[PDB]
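Q: The structure that follows is given in the form of structure tokens.
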Amino acid sequence: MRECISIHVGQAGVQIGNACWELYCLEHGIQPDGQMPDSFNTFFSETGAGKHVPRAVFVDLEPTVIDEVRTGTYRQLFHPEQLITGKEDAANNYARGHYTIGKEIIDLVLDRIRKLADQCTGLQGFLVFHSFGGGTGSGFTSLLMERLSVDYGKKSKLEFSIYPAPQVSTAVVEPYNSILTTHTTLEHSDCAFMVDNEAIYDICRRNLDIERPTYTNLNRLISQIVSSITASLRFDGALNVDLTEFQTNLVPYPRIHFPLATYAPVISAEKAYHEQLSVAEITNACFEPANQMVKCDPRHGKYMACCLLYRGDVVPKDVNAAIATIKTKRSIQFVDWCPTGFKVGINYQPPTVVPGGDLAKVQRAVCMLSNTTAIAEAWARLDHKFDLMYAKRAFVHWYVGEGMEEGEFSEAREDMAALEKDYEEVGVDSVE
Amino acid sequence: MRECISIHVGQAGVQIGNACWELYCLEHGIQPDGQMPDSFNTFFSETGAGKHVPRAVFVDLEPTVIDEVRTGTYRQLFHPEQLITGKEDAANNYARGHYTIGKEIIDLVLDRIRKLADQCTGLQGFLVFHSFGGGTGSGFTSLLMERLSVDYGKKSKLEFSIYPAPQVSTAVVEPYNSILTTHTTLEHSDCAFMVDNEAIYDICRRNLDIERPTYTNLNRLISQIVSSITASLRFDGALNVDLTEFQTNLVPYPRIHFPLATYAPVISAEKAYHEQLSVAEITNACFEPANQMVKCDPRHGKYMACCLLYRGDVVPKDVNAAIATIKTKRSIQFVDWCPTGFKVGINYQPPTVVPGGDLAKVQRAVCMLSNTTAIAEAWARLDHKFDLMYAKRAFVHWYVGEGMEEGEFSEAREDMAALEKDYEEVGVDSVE
Amino acid sequence: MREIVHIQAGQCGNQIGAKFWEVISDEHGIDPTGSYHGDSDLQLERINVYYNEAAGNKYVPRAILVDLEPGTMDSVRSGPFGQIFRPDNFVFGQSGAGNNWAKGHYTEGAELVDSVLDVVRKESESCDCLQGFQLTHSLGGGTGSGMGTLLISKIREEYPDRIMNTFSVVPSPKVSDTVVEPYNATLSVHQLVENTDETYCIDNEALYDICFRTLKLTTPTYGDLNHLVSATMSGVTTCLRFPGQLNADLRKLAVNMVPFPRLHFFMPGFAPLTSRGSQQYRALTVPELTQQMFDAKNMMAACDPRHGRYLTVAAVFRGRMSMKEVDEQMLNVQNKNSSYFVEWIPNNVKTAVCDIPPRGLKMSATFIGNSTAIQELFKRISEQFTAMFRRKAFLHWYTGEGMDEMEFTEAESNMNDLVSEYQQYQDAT
Amino acid sequence: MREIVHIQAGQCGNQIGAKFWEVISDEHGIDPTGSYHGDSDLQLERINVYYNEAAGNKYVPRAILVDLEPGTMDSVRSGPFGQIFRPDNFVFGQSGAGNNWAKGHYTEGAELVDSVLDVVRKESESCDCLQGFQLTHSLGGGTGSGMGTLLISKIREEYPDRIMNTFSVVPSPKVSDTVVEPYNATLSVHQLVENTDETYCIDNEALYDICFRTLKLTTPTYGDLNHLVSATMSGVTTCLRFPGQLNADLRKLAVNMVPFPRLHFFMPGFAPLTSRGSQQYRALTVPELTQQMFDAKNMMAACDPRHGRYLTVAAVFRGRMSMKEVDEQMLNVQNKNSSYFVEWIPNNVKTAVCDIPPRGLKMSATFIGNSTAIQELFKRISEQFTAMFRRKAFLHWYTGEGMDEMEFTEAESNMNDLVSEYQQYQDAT
Ligand SMILES: Nc1nc2c(ncn2[C@@H]2O[C@H](COP(=O)(O)OP(=O)(O)OP(=O)(O)O)[C@@H](O)[C@H]2O)c(=O)[nH]1
Ligand SMILES: Nc1nc2c(ncn2[C@@H]2O[C@H](COP(=O)(O)OP(=O)(O)OP(=O)(O)O)[C@@H](O)[C@H]2O)c(=O)[nH]1
Ligand SMILES: Nc1nc2c(ncn2[C@@H]2O[C@H](COP(=O)(O)OP(=O)(O)O)[C@@H](O)[C@H]2O)c(=O)[nH]1
Ligand SMILES: Nc1nc2c(ncn2[C@@H]2O[C@H](COP(=O)(O)OP(=O)(O)O)[C@@H](O)[C@H]2O)c(=O)[nH]1
Ligand SMILES: [Mg+2]
Ligand SMILES: [Mg+2]
């Protein structure tokens with residue numbers, strides 16, 4: 001009875017959830033009606049009849065993408081008081097997400113979370129799935145992370161964000177929305193995992209040999225990471241891990257809680273043969289700089305801590321041989337103050353295959369959750385884009401007129417520059 | 001567990017490999033799908049299923065001849081990440097092979113070799129199959145032999161080159177490409193075997209009685225030599241030999257490592273009768289100057305060392321009688337400082353017969369690997385052709401404009417002339 | 001008479017104990033139901049040492065199972081021999097450890113230890129004459145470290161004269177399961193040096209080698225590794241559960257192995273260990289037991305005994321053997337290896353001989369050795385502890401639960417007061 | 001009592017030993033499984049000299065098998081009598097020899113010899129009273145030369161008083177298997193003159209003749225050649241494994257055959273040897289054994305004994321025979337061949353008589369002869385060595401592994417210090 005509810009905010013939050021909750025139903029044989037022909041009691045609640053509902057709260061400010069769920073195939077699965085919508089979207093605006101529109105339905109969502117918190121007793125933590133780009137995914141999330149630390153506090157809050165790509169940027173005001181939502185979540189979130197879009201396009205083009213992927217094919221690869229993190233709660237393993245245990249082993253200082261996720265093996269079905277895929281093979285595919293799912297070269301920085309989450313037919317002795325060769329290599333380097341930099345987790349259940357997909361049925365798979373200082377180069381260029389646009393005071397007249405102090409930008413930039421030198425404090429070595 | 005990977009470079013490399021890997025599959029019953037209805041673990045790697053893949057890396061700069069493999073009969077056998085191609089060919093140009101085009105995919109091939117080096121532990125050495133004529137077979141090989149001595153170093157690197165014929169020359173700039181690729185491989189290769197095209201036409205016309213052979217029929221006779229060298233690794237023999245043992249017994253000085261291969265018996269099926277083919281008969285067919293596969297008269301020079309590789313139903317006593325008569329003849333002469341000039345190897349397995357071929361099912365066969373100074377006449381005429389074309393500065397404007405120092409020809413010719421007098425140092429006798 | 005209360009803690013202490021009671025039940029002939037299906041009558045002579053007779057010829061173990069999350073207890077009751085434990089003994093909390101020592105010994109330790117000791121005190125007042133406790137935990141995690149050392153501090157206040165031994169799993173040198181495992185080990189050794197009487201240091205890395213170098217196993221799961229530890233836990237009290245020629249117990253091996261009250265960290269060893277297809281070529285006789293104990297590829301701790309000195313050595317033999325051939329082999333290894341022992345203790349080999357082998361073998365031994373080669377074990381933890389503490393990294397998860405630097409500083413200073421003793425007596429004369 | 005540890009090395013030393021243990025097992029009646037299926041009771045009286053009794057009436061050989069590549073060990077364990085060796089004794093490396101002495105004695109020799117001597121020392125401490133070792137190798141290759149002479153230099157430091165004899169395969173005069181075999185022989189004889197006690201020089205060319213001139217074989221494979229060597233290796237210790245009238249061992253044949261501590265290179269001979277269809281026309285009596293030993297077509301070294309002088313001669317007879325008829329034949333060959341022996345040693349024929357013949361024959365002998373006719377053996381190697389070294393050919397494969405010319409020069413000078421002794425005592429008076 002280790003229960004855990006998950007919150008999906010924004011359009012990027014919902015379309016990940018339609019591929020996550022597609023995956024959880026297939027692992028336990030759950031029909032789209034909620035019926036089925038125990039261990040899965042964490043992410044469900046069996047009612048008086050034989051029907052199971054998800055412990056999820058979808059929320060969005062625009063009614064477009066929620067009506068995909070209310071009319072699509074997974075229609076009878078969700079409780080209709082969970083699917084909270086709004087009249088108008090925040091529309092690429094942190095101020096509408098946090099001051100104007102987000103203040104009108106924040107009392108309704110907290111009422112729905114508290115009705116899902118009372119029927120559980122082993123509630124470990126939350127799972128907020130949002131994006132730094134849009135207005136709802138950033139503004140309404142930064143409002144939501146404030147209201148959870150006031151009410152609950154002790155529960156470990158995790159986030160699977162969508163970090164903006166260095167080159168591919170859909171919205172123009174993504175440097176504005178990323179800084180203002182990271183100034184706010186820095187005090188409240190405990191571990192915010194980073195997943196970038198452009199690095200998944202680099203994997204689907206090279207490894208899977210798909211020339212034209214859509215957002216559906218990206219949401220399949222994201223939900224495999226979401227499954228392998230919460231795989232130890234839903235099944236029995238030889239060496240389990242819990243959501244309280246991620247924030248202890250990967251967040252050394254309270255200001256540095258931005259890891260990056262990496263999944264392996266990602267290969268096609270015609271390439272699923274011709275190679276045996278042992279754990280000594282697929283572990284080095286995680287630390288390879290071409291298979292990381294954030295566009296950041298890991299050889300520029302140092303690994304502070306790493307978390308390998310094995311699953312499948314995995315031998316515990318061969319894991320010990322696989323990690324030991326990584327610490328003998330020369331391109332992979334750790335920080336000087338951390339001699340013991342691994343969190344190891346083995347689960348028995350092999351990863352399942354969604355039909356109509358592109359990955360093949362394998363026998364084992366590795367999810368790596370590594371916290372490196374190579375992300376410090378990525379925060380520098382995001383602060384470089386923010387300083388260029390704000391020097392001309394571009395796009396400020398939208399944010400001032402929607403109820404925001406004009407000097408709050410200058411308070412956000414000085415706090416982010418303080419985060420910038422904190423990686424410089426870590427990266428240096430010690431005397432004697 | 002004595003494993004060995006093989007590298008096929010250029011169009012002449014690949015079309016030998018399509019007749020080599022045809023032959024290795026038939027010796028062990030391997031289907032073209034890789035399935036089969038142990039000892040063969042050297043040149044294969046059995047996966048989790050019942051499928052075997054070759055330990056080969058085909059590489060070429062043009063996508064023409066690689067698409068024969070990706071569409072032909074042996075399609076499901078090779079791992080599709082091994083078949084490394086390129087956009088445009090080097091097109092009879094050492095500079096495009098080593099400076100312009102070869103520098104763009106040399107990082108991709110070394111990544112694929114290192115992924116085949118890590119899953120082996122008894123890795124003896126390499127097998128580079130290239131040609132001195134073309135741009136990719138010479139330029140990309142000379143780049144590749146530099147990158148292997150930096151990374152690996154201790155492993156015995158063998159080469160099965162295609163030496164250009166004295167009269168039949170397809171490309172015009174073969175004297176340019178042969179010198180520039182021998183100036184580079186002289187420091188890195190350990191033993192580079194020589195096989196000439198024109199001498200195989202002389203054998204197929206006279207012995208086999210085929211008036212019109214194609215390149216397919218030449219690649220059958222080459223792959224019989226490739227099989228008989230690596231026959232001692234793949235089976236049990238009465239007196240084995242390894243790939244580390246070829247470089248010790250045939251390379252006396254570090255500048256002289258150009259032997260020549262000779263195979264016997266090469267007879268037709270209708271002539272497979274009428275003669276008994278004992279080991280005292282077929283051994284003298286190797287030292288006969290009409291059956292050597294390099295157009296060089298061996299009576300002009302002296303044999304420095306020889307390596308006989310018997311296979312089949314071979315009696316060890318009758319080998320001793322067969323070698324002893326050769327040292328009593330007068331046309332065959334050895335160098336004065338080498339009284340013991342034989343390396344003997346007996347294997348039990350008879351040579352198999354590929355269907356649709358021209359050679360017959362025999363009971364025994366001999367592969368001779370002899371290192372003579374009769375090749376020193378062949379290096380003289382190749383330096384004579386190089387001095388004629390370079391005196392008029394013909395074809396130099398292609399090589400200068402593709403990123404090459406103009407004086408590098410004058411550095412290549414002075415180094416090759418130093419190789420020329422090294423055979424003169426060997427051929428003289430001693431005082432007292 | 002002379003009963004033993006078994007206490008388990010953490011994820012690892014359950015999965016050792018769930019294999020440990022599978023070995024004890026196969027020595028006494030107990031089905032997974034709980035009845036008796038034995039053949040001889042020596043198996044029920046001393047059945048009270050671990051089993052309490054229930055109503056209707058059923059025997060239930062005297063086990064107390066502790067965890068901070070119900071996940072591991074969900075697999076123990078559902079597995080084999082999980083229907084033999086009494087359901088009142090499953091004491092679990094709903095919060096969760098979090099893999100942290102502060103949540104194990106301070107915050108969620110105090111909310112549970114008052115409910116565990118209602119079960120410990122009930123089992124202790126049911127026994128006739130209590131011998132001593134035992135504990136199975138791991139120093140890496142949070143429940144086996146924090147909650148595990150909290151129970152020992154409460155027991156030793158109530159029961160001072162009773163012995164208290166722990167089967168710890170000391171973290172490996174090369175790989176590391178927990179990132180903050182130097183903090184969870186340094187704050188645990190500070191509790192064990194003042195509260196236990198003897199402690200068995202076991203490394204995971206030394207067990208992966210024996211399954212790979214000696215037993216030759218292709219896929220050793222934790223069912224294969226924890227079967228070797230459970231054979232050694234039964235091999236210490238095997239002179240108590242069965243009659244013998246020279247009998248020992250948990251007190252004779254506590255007196256003769258502990259010369260100073262701080263030096264009580266051991267290393268265990270088991271013999272014989274044969275491969276699968278090589279158990280017919282090997283002459284399984286009495287001097288084969290001796291040569292397989294003392295070599296360094298058979299210790300269960302990742303430390304070479306050649307670097308140190310053996311202070312005291314206990315050998316617990318099983319099966320019908322002769323006493324001269326024991327004293328022949330134990331003396332000859334003390335003459336040819338005359339420098340690797342210590343000088344100021346004459347004749348430092350303890351002998352104990354039982355009569356009944358384990359199920360399957362003809363005879364067997366058990367090595368309980370003390371050494372100064374475990375100073376390499378604490379010079380590696382204290383090096384990793386001061387490498388992390390000088391940056392004050394991973395410290396706000398500990399300081400935020402009511403903890404100061406004096407808790408850390410007096411812990412690391414106590415460990416360097418332990419290293420300076422093993423380095424002292426290694427060079428004394 | 002008086003046990004012998006057998007050491008094998010190289011490709012050739014395995015394929016002699018794999019035939020050698022097939023002959024010993026047929027004299028003691030051992031199946032390929034490892035049990036006993038004998039008929040008499042004299043076969044188990046001295047079974048401890050080569051076999052250790054395992055558990056369950058199985059006997060495993062006291063053999064130690066060494067190679068630098070796993071190819072030859074793959075065929076020994078899979079062939080007949082390959083399931084009798086203990087699998088721990090198969091000590092093999094993954095690198096490979098390369099047919100080079102520098103990779104045998106310097107580079108890959110040192111990475112393996114520390115793991116071989118853990119097996120040598122374990123077998124030597126298991127024997128009651130050790131007699132002496134024996135080694136089977138070849139001077140041509142790299143493993144039998146480099147790794148083979150490295151083991152002798154490490155053993156003679158640990159065990160000085162124990163005897164150490166090698167069954168070498170000296171390379172043939174006419175044909176040559178290895179191109180660089182003068183380098184691999186000259187750098188091996190320099191090690192054998194200061195580390196062994198007696199050495200049996202065997203040439204391949206002398207074995208191809210006997211299968212062609214005496215036994216009349218159409219297709220002699222190496223199973224036919226190595227069966228003659230294995231009959232001579234058993235014929236030396238046959239007075240130790242069975243009782244006799246005048247008993248000898250590996251020490252009596254070491255004292256009475258070695259007059260000077262550098263002169264210990266022998267030549268072996270075996271009798272009787274009959275053809276297939278001519279073993280009925282021949283009178284197989286006692287003087288037929290004598291006339292078949294001393295003639296030059298029966299020596300196992302490619303050198304004519306008429307050119308030199310016999311210093312010492314050992315004849316080891318087997319089977320129930322009479323002692324007068326031995327002393328009749330051994331004296332008459334010393335009177336008519338009075339010039340071919342030496343003058344300053346009177347009565348230089350050693351006699352040893354066993355009681356049990358080999359399986360199949362009625363009686364047999366074994367000739368262990370020393371001579372100065374093996375100065376032709378070293379004047380042919382030192383001629384081929386100085387013919388290659390004066391051009392410095394094939395030298396960068398040796399110099400590139402940490403080796404100088406002083407290693408070569410002191411090796412060739414030691415050999416010419418050995419030729420100048422056999423030429424000295426051939427003409428002394
Ligand atoms: N991973 C992923 N990212 C997506 C997907 N769809 C959109 N995004 C990203 O989401 C960002 C745009 O923000 P949105 O989430 O659509 O905006 P919102 O939070 O819903 O709120 P509004 O802007 O008011 O509609 C960009 O960075 C897109 O790349 C998807 O299916 N998967
Ligand atoms: N033995 C053999 N030689 C061949 C074969 N086909 C071509 N050659 C030789 O290869 C040489 C021509 O160069 P190529 O090897 O085709 O050139 P390349 O290295 O593949 O690269 P490019 O010149 O860029 O196309 C000539 O010496 C030909 O005789 C073949 O099937 N067998
Ligand atoms: N030998 C062994 N060690 C284990 C096993 N399971 C976990 N461990 C060890 O236990 C440690 C992890 O601590 P854990 O008990 O799971 O955490 P806790 O529940 O918070 O105390 C690591 O050192 C693991 O190697 C097991 O089955 N066998
Ligand atoms: N009599 C005999 N000689 C052999 C046999 N096999 C190899 N040889 C000899 O051994 C020498 C080759 O050495 P080899 O052992 O293969 O090389 P190494 O493994 O590096 O020591 C040559 O002199 C061969 O004549 C065999 O079965 N019998
Ligand atoms: Mg949106
Ligand atoms: Mg080409």
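Residues are named by chain letter and number: chains run A, B, ... in the order of the structure tokens, numbers start at 1 in each chain, and ligands are numbered from 1 in the order shown.
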As number ranges by chain, please: the residues near residue 115 of chain C (cut-off 10 Å, only C-alpha atoms, same-chain neighbours under 5 positions excluded).

A: C: 91-92, 110, 120

Q: List every residue of segment 84-300 of chain D that DSSP, applied to the backbone of this structure, places in strand (DSSP E), and write the result as a ChimeraX atom specification.

A: /D:90-92,130-136,163-170,198-203,265-271

Q: When distances are computed from only C-alpha atoms, which of A:281, A:81, A:159, A:422 shows the smallest separation from chain B?

A: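 Nearest to chain B: A:281.
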
Q: I'd like the neighbourhood of residue 227 of chain C as a list in words, where a residue qualifies if any of its atoms comes within 12 Å (using only C-alpha atoms), though same-chain residues fewer than 5 positions away should be ignored.

A: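 That gives residues 15, 16, 17, 18, 19, 20, 21, 22, 23, 24, 207, 211, 220, 221, 222, 232, 233, 234 and 270 of chain C.
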
Q: Identify, counting only C-alpha atoms and all ligand atoms, the protein, DNA and RNA residues located within 6 Å of ligand 3, and give them as a PyMOL selection string.

A: (chain A and resi 239) or (chain C and resi 10-12+15+97+99+138+140-144+171+177+204+222+226)

Q: Name the residues in contact with segment 102-109 of chain B at a cut-off of 9 Å, using only C-alpha atoms, excluding same-chain residues fewer than 5 positions from it; report them as an mmCIF file with N, CA, C and O atoms, in the first residue's frame.

A:
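And here's around_13.cif as it stands now:
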data_model
loop_
_atom_site.group_PDB
_atom_site.id
_atom_site.type_symbol
_atom_site.label_atom_id
_atom_site.label_comp_id
_atom_site.auth_asym_id
_atom_site.auth_seq_id
_atom_site.Cartn_x
_atom_site.Cartn_y
_atom_site.Cartn_z
ATOM 1 N N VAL B 57 33.289 -6.084 -40.521
ATOM 2 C CA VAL B 57 32.886 -4.702 -40.739
ATOM 3 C C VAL B 57 33.152 -4.344 -42.193
ATOM 4 O O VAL B 57 34.297 -4.087 -42.578
ATOM 5 N N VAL B 59 33.123 -1.773 -45.208
ATOM 6 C CA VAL B 59 33.184 -0.323 -45.315
ATOM 7 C C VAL B 59 33.573 0.041 -46.742
ATOM 8 O O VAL B 59 34.386 -0.642 -47.372
ATOM 9 N N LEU B 61 33.321 3.785 -49.577
ATOM 10 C CA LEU B 61 32.905 5.171 -49.730
ATOM 11 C C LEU B 61 31.781 5.349 -50.741
ATOM 12 O O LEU B 61 31.142 6.405 -50.745
ATOM 13 N N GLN B 82 26.802 -2.563 -39.171
ATOM 14 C CA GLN B 82 28.172 -2.843 -39.584
ATOM 15 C C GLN B 82 28.443 -2.311 -40.981
ATOM 16 O O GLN B 82 29.550 -1.842 -41.269
ATOM 17 N N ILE B 84 28.876 0.010 -43.181
ATOM 18 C CA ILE B 84 29.086 1.451 -43.197
ATOM 19 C C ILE B 84 29.355 1.904 -44.622
ATOM 20 O O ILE B 84 30.269 1.402 -45.286
ATOM 21 N N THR B 85 28.557 2.854 -45.099
ATOM 22 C CA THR B 85 28.686 3.382 -46.447
ATOM 23 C C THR B 85 29.053 4.857 -46.392
ATOM 24 O O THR B 85 29.267 5.429 -45.321
ATOM 25 N N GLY B 86 29.124 5.466 -47.576
ATOM 26 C CA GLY B 86 29.361 6.886 -47.690
ATOM 27 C C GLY B 86 28.584 7.456 -48.862
ATOM 28 O O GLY B 86 27.983 6.725 -49.649
ATOM 29 N N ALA B 90 35.945 7.750 -53.357
ATOM 30 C CA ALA B 90 37.215 8.464 -53.419
ATOM 31 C C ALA B 90 37.677 8.623 -54.858
ATOM 32 O O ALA B 90 38.437 9.547 -55.167
ATOM 33 N N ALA B 95 44.282 11.104 -52.046
ATOM 34 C CA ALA B 95 44.036 12.283 -51.226
ATOM 35 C C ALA B 95 42.594 12.321 -50.738
ATOM 36 O O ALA B 95 42.324 12.742 -49.609
ATOM 37 N N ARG B 96 41.652 11.868 -51.565
ATOM 38 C CA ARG B 96 40.273 11.781 -51.102
ATOM 39 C C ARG B 96 40.092 10.622 -50.137
ATOM 40 O O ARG B 96 39.158 10.618 -49.329
ATOM 41 N N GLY B 97 40.981 9.634 -50.195
ATOM 42 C CA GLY B 97 40.875 8.517 -49.281
ATOM 43 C C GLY B 97 41.414 8.819 -47.902
ATOM 44 O O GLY B 97 41.023 8.174 -46.928
ATOM 45 N N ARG B 114 35.271 -0.929 -31.944
ATOM 46 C CA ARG B 114 35.411 -1.007 -30.494
ATOM 47 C C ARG B 114 34.206 -1.703 -29.865
ATOM 48 O O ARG B 114 34.305 -2.280 -28.776
ATOM 49 N N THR B 136 39.561 4.234 -52.150
ATOM 50 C CA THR B 136 39.114 3.780 -50.839
ATOM 51 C C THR B 136 39.984 2.640 -50.330
ATOM 52 O O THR B 136 40.322 2.590 -49.144
ATOM 53 N N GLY B 139 43.591 4.788 -49.755
ATOM 54 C CA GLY B 139 43.561 5.979 -48.932
ATOM 55 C C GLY B 139 42.876 5.782 -47.602
ATOM 56 O O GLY B 139 43.377 6.230 -46.567
ATOM 57 N N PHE B 140 41.723 5.118 -47.615
ATOM 58 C CA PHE B 140 40.996 4.891 -46.373
ATOM 59 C C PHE B 140 41.659 3.800 -45.546
ATOM 60 O O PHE B 140 41.518 3.769 -44.320
ATOM 61 N N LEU B 143 44.622 5.438 -43.710
ATOM 62 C CA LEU B 143 44.096 6.146 -42.552
ATOM 63 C C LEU B 143 43.702 5.166 -41.457
ATOM 64 O O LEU B 143 43.852 5.452 -40.265
ATOM 65 N N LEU B 144 43.217 3.986 -41.847
ATOM 66 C CA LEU B 144 42.696 3.045 -40.863
ATOM 67 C C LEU B 144 43.829 2.346 -40.127
ATOM 68 O O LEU B 144 43.718 2.052 -38.933
ATOM 69 N N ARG B 147 45.030 4.432 -37.212
ATOM 70 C CA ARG B 147 44.158 4.560 -36.050
ATOM 71 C C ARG B 147 44.106 3.271 -35.243
ATOM 72 O O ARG B 147 43.618 3.257 -34.108
#

Q: Name the residues, by chain letter and number, that sit within 8 Å of ligand 5 using only C-alpha atoms and all ligand atoms, and give them as a list in words.

A: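 Written in the requested form, the residues are residues 10, 11, 12, 60, 62, 89, 90, 91, 92, 134, 135, 136 and 137 of chain A.
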
Q: Which residues are near residue 383 of chain B? Cut-off 9 Å, only C-alpha atoms, ignore same chain within fewer than 4 positions. Put them as a compact mmCIF listing (two decimals) with N, CA, C and O atoms, in the first residue's frame.

A:
# COMPACT_ATOMS: atom_id res chain seq x y z
N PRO B 175 50.30 3.65 -60.22
CA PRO B 175 51.61 3.93 -59.60
C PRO B 175 51.59 5.03 -58.56
O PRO B 175 52.45 5.05 -57.67
N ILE B 179 52.35 3.72 -54.20
CA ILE B 179 53.48 4.24 -53.43
C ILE B 179 53.01 4.98 -52.19
O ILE B 179 53.58 4.83 -51.11
N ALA B 378 59.77 -6.54 -58.53
CA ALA B 378 58.46 -5.95 -58.77
C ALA B 378 58.37 -4.54 -58.19
O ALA B 378 57.68 -3.68 -58.74
N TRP B 379 59.07 -4.29 -57.08
CA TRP B 379 59.07 -2.95 -56.51
C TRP B 379 59.91 -2.00 -57.34
O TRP B 379 59.73 -0.78 -57.27
N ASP B 387 58.45 7.23 -61.43
CA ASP B 387 59.42 8.26 -61.78
C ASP B 387 59.14 8.83 -63.17
O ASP B 387 59.51 9.96 -63.47
N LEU B 388 58.48 8.05 -64.03
CA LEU B 388 58.15 8.54 -65.36
C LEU B 388 57.01 9.54 -65.31
O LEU B 388 57.06 10.59 -65.96
N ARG B 413 59.02 8.85 -52.32
CA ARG B 413 59.90 8.15 -53.26
C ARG B 413 61.24 7.84 -52.62
O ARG B 413 61.84 6.79 -52.88
N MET B 416 60.77 4.83 -50.40
CA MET B 416 60.60 3.58 -51.14
C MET B 416 61.92 3.12 -51.73
O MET B 416 62.18 1.92 -51.85
N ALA B 417 62.78 4.07 -52.12
CA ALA B 417 64.11 3.72 -52.60
C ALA B 417 64.97 3.18 -51.47
O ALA B 417 65.89 2.39 -51.70

Q: Residues near segment 353-359 of chain C, anyone? I mean within 7 Å using only C-alpha atoms, not counting same-chain ones fewer than 5 positions away, as a ChimeraX atom specification.

A: /C:27,238-239,242-247,316-320,364

Q: Next, the residues of the selection above should be written as a compact mmCIF listing (two decimals), in the first residue's frame with N, CA and C atoms.

A:
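Output below, filename result_23.txt:
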# COMPACT_ATOMS: atom_id res chain seq x y z
N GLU C 27 16.84 -28.56 8.53
CA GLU C 27 17.68 -29.33 9.43
C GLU C 27 16.85 -30.02 10.49
N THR C 238 25.42 -24.41 15.90
CA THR C 238 25.19 -25.82 15.61
C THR C 238 25.71 -26.72 16.72
N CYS C 239 26.55 -26.19 17.61
CA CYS C 239 26.97 -26.95 18.77
C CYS C 239 25.98 -26.80 19.92
N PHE C 242 22.57 -29.49 18.71
CA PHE C 242 22.88 -30.90 18.55
C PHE C 242 24.00 -31.26 19.51
N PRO C 243 24.01 -32.48 20.04
CA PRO C 243 25.10 -32.88 20.93
C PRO C 243 26.38 -33.15 20.15
N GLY C 244 27.50 -33.07 20.86
CA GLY C 244 28.79 -33.22 20.22
C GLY C 244 29.83 -33.79 21.16
N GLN C 245 31.08 -33.73 20.71
CA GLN C 245 32.19 -34.21 21.53
C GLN C 245 32.79 -33.09 22.36
N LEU C 246 33.00 -31.93 21.75
CA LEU C 246 33.46 -30.73 22.45
C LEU C 246 32.48 -29.62 22.11
N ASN C 247 31.59 -29.31 23.05
CA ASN C 247 30.43 -28.46 22.78
C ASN C 247 30.78 -27.00 22.96
N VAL C 316 34.58 -24.30 13.93
CA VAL C 316 33.45 -25.07 14.43
C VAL C 316 33.19 -26.18 13.42
N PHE C 317 33.61 -27.40 13.75
CA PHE C 317 33.48 -28.53 12.84
C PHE C 317 32.18 -29.28 13.09
N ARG C 318 31.68 -29.92 12.04
CA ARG C 318 30.45 -30.70 12.12
C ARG C 318 30.67 -32.07 11.50
N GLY C 319 29.87 -33.03 11.94
CA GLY C 319 29.96 -34.38 11.41
C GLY C 319 30.87 -35.27 12.24
N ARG C 320 30.72 -36.57 12.03
CA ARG C 320 31.51 -37.56 12.76
C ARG C 320 32.94 -37.55 12.22
N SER C 364 31.31 -30.84 7.54
CA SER C 364 31.46 -29.44 7.19
C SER C 364 32.08 -28.69 8.36
